[PDB]
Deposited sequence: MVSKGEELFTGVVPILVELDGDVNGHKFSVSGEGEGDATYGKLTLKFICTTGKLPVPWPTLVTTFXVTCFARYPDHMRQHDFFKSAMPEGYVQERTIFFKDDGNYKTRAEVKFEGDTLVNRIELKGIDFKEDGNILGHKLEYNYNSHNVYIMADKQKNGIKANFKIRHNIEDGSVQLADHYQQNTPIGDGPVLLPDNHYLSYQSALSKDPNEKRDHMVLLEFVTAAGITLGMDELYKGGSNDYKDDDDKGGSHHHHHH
């Protein structure tokens, strides 16, 4: 049998992303739009900084900017927490520790508003170096592929993960961003709590040649594996 959650993702779904951020008192907002195709694990999104210049590097926001679009193959269908929480949705919380620099704390509500999948995010960053790799914009506009290990958090009726992103610094070095994550349902209904597994990510960053606002184009694929 196919569940309500699963059924919401059988075709291409429009996505809206909204982020309000404050990093060391530098306030900013980002909107994003695009589409998700969970059958392929495919996200196509374009983000605009609506407040002017983004005060942090675009790559540092990629993980923050809808795991319900992951491709869970049929044999893993009983392990897809993210879709099982829909349409009421889930809250994704992270702390992202930038090594030798500050940290982001993020809280995102991921839920349907009609036929649109919304990712609504608040991001708070503190303890950054005003001349470091983040506030000083010293990170390259590129991205690595990663596997992220997902575990059930049965007590919390959700999932957790921790993983490392390694941003490339312009001098050839690496800026580590250590991610700690917890997701919990918004509603009171049943969800699927998964066996341990991983999600395989690839992300490609580009620019729209006709866009004069500060922006990022993201093509990302997310696939579950045992």
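Enumerate the deposited-sequence segments absent from the coordinates, judged by C-alpha atoms, in order of position.
-> Coordinates drop out over 66, 228-258.
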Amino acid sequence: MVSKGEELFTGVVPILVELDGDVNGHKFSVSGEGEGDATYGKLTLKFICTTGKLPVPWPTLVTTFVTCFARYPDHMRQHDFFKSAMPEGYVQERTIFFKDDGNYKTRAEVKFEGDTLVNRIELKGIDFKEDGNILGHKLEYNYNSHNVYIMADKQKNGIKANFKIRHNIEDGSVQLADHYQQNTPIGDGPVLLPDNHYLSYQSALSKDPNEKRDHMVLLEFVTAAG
From here on, numbers count along this sequence of modelled residues.
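Looking at the deposited entry, does 192-200 or 172-180 carry the larger mean Cα B-factor?
-> Going by the record's values, the stretch with the higher mean is 192-200.
Averaging only over Cα atoms, indicate whether 151-159 or 83-91 has the higher B-factor in the PDB entry.
-> Mean CA B-factor is higher for 151-159.
Selection by C-alpha B-factor (highest) of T106, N103, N142, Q78 = By C-alpha B-factor in the record, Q78 ranks first.
Going by the entry, which third of its chain does the Cα temperature factor of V56 land in?
-> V56: CA B-factor falls in the lowest third of its chain.
Within this chain, which third does the Cα B-factor at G187 fall in: lowest, middle or highest?
-> It falls in the top third of the chain.
Going by the recorded CA B-factors, say which third of the chain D208 sits in, lowest, middle or highest.
-> Top third by C-alpha B-factor.
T44's Cα B-factor: lowest, middle or highest third of the chain?
-> Middle third by C-alpha B-factor.
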